[PDB]
Amino acid sequence: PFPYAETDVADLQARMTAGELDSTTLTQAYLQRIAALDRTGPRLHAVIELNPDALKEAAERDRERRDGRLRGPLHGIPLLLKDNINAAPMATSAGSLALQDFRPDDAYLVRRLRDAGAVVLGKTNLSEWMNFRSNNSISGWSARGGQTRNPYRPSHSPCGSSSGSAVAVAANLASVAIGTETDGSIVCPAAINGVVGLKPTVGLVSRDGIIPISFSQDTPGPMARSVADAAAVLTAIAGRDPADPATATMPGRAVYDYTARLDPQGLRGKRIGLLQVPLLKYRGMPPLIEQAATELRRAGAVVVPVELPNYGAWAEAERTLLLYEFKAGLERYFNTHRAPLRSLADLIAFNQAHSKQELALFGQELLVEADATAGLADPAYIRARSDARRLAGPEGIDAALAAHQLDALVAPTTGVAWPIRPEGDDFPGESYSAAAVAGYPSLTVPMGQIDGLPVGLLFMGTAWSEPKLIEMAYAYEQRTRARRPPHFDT
């Protein structure tokens with residue numbers, strides 16, 4: 001029995017405050033569990049690199065605690081970081097062999113987490129290049145990290161690209177983790193691995209020190225077994241950073257503790273739109289989404305059916321903006337952090353020179369396509385960026401919210417995990433693209449399982465609605481508690 005299985009941040013903090021546990025002992029527990037499950041047994045491959053300073057940091061936090069000098073709710077809490085997020089002295093590789101020895105200084109959000117007292121356990125594997133390398137890619141695979149596996153059923157996909165962070169949290173390999181989303185990359189693997197994932201409004205959390213895809217859509221976000229844990233993490237990482245102009249665009253930026261929004265009455269009087277989307281009829285879904293609507297109502301919410309007409313009509317425009325933004329953003333990142341690659345051409349050339357190890361399972365067609373883009377002054381890009389955002393936000397989520405005076409929209413996040421195959425992902429559908437493309441907050445909470453595989457309930461709101469989304473998600477979670485632990489089905 002793993003003694004800290006399913007234990008919240010608040011409870012770990014309580015055990016430490018009482019002296020029954022400390023950071024060093026807790027960190028040792030996770031390290032030993034990683035040793036037992038990650039590259040042997042079920043071979044989850046969630047962790048791409050351990051932090052050589054993890055135990056040094058744990059010991060520092062415990063020494064501080066013994067002097068009665070705490071940093072807050074995350075003091076001594078071990079967590080994992082997706083390996084597109086800079087954190088010394090580890091590499092930040094995006095899963096690529098080209099960056100296996102590239103060890104840039106801490107990302108802004110990592111500096112914040114460390115000052116908050118969190119212990120960085122290590123980095124987690126991801127779909128190589130945040131799944132922007134090929135349309136034939138296999139989710140959760142990278143050359144440097146191998147194949148991340150779903151702990152519910154290790155033959156099946158963890159989704160991604162925040163694959164290792166989702167898996168690690170679900171399998172109790174750390175307390176909490178950080179992921180990043182461009183479109184789906186937090187909430188998809190969170191849902192698929194039966195955990196909570198929160199993708200904030202773009203700009204709430206700094207993107208500085210993260211290997212980027214999209215200035216318009218990218219955001220880091222917390223991944224955790226519970227909403228309370230996710231809220232604690234968000235409190236620590238939210239804030240303005242002059243390095244990231246997107247964080248200057250937040251109106252009424254105020255010091256805010258999101259754990260104050262953990263109200264079991266948080267759904268009373270709320271109005272929720274149940275999105276009329278194809279995933280409602282996904283095989284096995286109707287009983288779950290029906291039960292979820294019912295539980296929302298039992299918690300005191302009003303739940304009404306709502307359309308988001310032409311859901312996905314931004315797809316073409318989004319693909320275009322991502323290609324352009326990936327080239328421009330990556331090349332800027334490589335320059336800023338003095339990486340050993342400086343261009344997308346360099347990366348493409350590296351991969352061909354290392355084809356046996358990098359290109360054996362699938363190609364790099366999307367890298368090539370992005371590299372072909374003329375740059376950010378192309379009016380085609382400008383129009384695509386503007387169109388995608390307008391369709392998904394003002395004309396999508398906002399129009400639906402306004403027309404029915406709603407606080408949030410909900411839908412099943414995605415379908416269930418699919419077999420890991422050389423052919424690449426057999427993707428079932430999504431309801432998270434609107435929020436990702438709008439740059440608006442979304443949050444997935446476990447709502448049950450189909451055939452023993454987790455499914456999530458996705459909440460979405462307008463820009464800067466995280467406090468309210470968190471209240472509503474928490475109130476839902478507390479009366480359902482639909483997460484079950486994985487048990488590594490064969």
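Along the sequence shown, residues carry numbers from 1. Every heavy atom of this structure was used, including side-chain atoms; hydrogens, water molecules and symmetry mates were not.
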I want to know whether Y476 and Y474 have ring centres closer than 6.0 Å.
no
Can you tell me if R111 has over 12 outside heavy atoms packed within less than 6.0 Å of its CZ?
yes
Kindly give the heavy-atom pair with the smallest separation between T124 and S165, and that separation in Å.
OG1-OG, 2.7 Å
Any side-chain heavy-atom pair of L31 and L55 under 4.5 Å
yes
Measuring only between side-chain heavy atoms, which start at C-beta, is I470 closer than 4.5 Å to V227?
yes
All heavy atoms of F102 vs all of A339, minimum pair found to be CE1-CA, 3.6 Å
Do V120 and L113 make a side-chain contact, defined as non-hydrogen atoms from C-beta onward lying under 4.5 Å apart?
no
Any side-chain heavy atom of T182 sitting closer than 4.5 Å to one from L322?
yes
Measure the OG-CG distance between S162 and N131 for me, rounded to the nearest 0.5 Å.
10.5 Å
First locate atom CG of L12, then atom OG1 of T17, and finally report the distance between them rounded to the nearest 0.5 Å.
10.5 Å
Taking the side chain as every heavy atom from C-beta outward, state whether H487 and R153 have any atom pair closer than 4.5 Å.
no
Pair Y333, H337 - check ring pair (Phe, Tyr, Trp, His ring centres under 6.0 Å), show working.
CA-CA 6 Å; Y333 172 98; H337 305 283; 4.4 Å; yes
What's the verdict on salt bridge (charged side-chain N to carboxylate O under 4.0 Å, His left out) for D22 and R65, showing C-alpha distance, side-chain angles and the deciding distance?
CA-CA 9 Å; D22 75 6; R65 183 181 299 271; over 6 Å; no
Might you point out which heavy atoms bring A98 and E358 nearest each other, and give the distance in Å?
N-OE2, 4.4 Å
Within a reach of under 6.0 Å around CZ of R479, are more than 12 heavy atoms found that belong to other residues, nucleotides or ligands?
yes
CA sep, side-chain torsions, deciding dist, call: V196, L443, side-chain contact (heavy atoms from CB on, under 4.5 Å)
CA-CA 7 Å; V196 173; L443 194 173; 3.9 Å; yes
Tightest non-hydrogen contact, residues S96 and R144, listed as O-CD, 4.0 Å
Decide yes or no on side-chain contact (heavy atoms from CB on, under 4.5 Å) for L204 and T219, but give the supporting numbers first.
CA-CA 8 Å; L204 183 66; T219 182; over 6 Å; no
Test item: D425 side-chain N/O and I138 main-chain N/O as donor-acceptor pair under 3.5 Å:
no
Students often mix this up, so state it plainly: with edges at 30° and 60°, are the rings of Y30 and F2 parallel, tilted or perpendicular?
tilted
Which heavy-atom pair separates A408 from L469 by the least distance, and what is that distance?
CB-CD2, 3.8 Å
If only atom types and distance count, is the side chain of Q147 paired as donor or acceptor with the main-chain N or O of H45 below 3.5 Å?
no
Residues 445-454 side chain polar contacts: donor-acceptor under 3.5 Å, at least two apart:
none

By salt bridge (charged side-chain N to carboxylate O under 4.0 Å, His left out) - contacts of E64 (at least two apart):
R61, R71
Counting N and O atoms only, with roles assigned by atom type, does the side chain of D106 sit under 3.5 Å from a partner on the main chain of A87, one being a donor and the other an acceptor?
no
Quick one: does any side-chain atom of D218 pair with a main-chain N or O of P212 as donor and acceptor, under 3.5 Å?
no
Do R207 and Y108 meet the criterion of a side-chain donor-acceptor pair at a distance under 3.5 Å?
no
Residue pair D244 / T247, side-chain donor-acceptor N/O under 3.5 Å:
no
Within the 4.5 Å heavy-atom criterion, are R149 and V167 side-chain neighbours or not?
no
Counting distance only, does the side-chain N/O of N193 pair as donor-acceptor with the main-chain N or O of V195 below 3.5 Å?
no
Are any non-hydrogen side-chain atoms of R225 and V176 less than 4.5 angstrom apart?
no
Supply the atom-to-atom distance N125 CG to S142 OG, rounded to the nearest 0.5 angstrom.
3.5 Å
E466 (side chain) donor-acceptor with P441 (main chain) under 3.5 angstrom:
no
Once you measure the plane-to-plane angle for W129 and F326, does it fall in the parallel (<30°), tilted (30-60°) or perpendicular (>60°) bin?
tilted
Test item: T40 side-chain N/O and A36 main-chain N/O as donor-acceptor pair under 3.5 Å
no
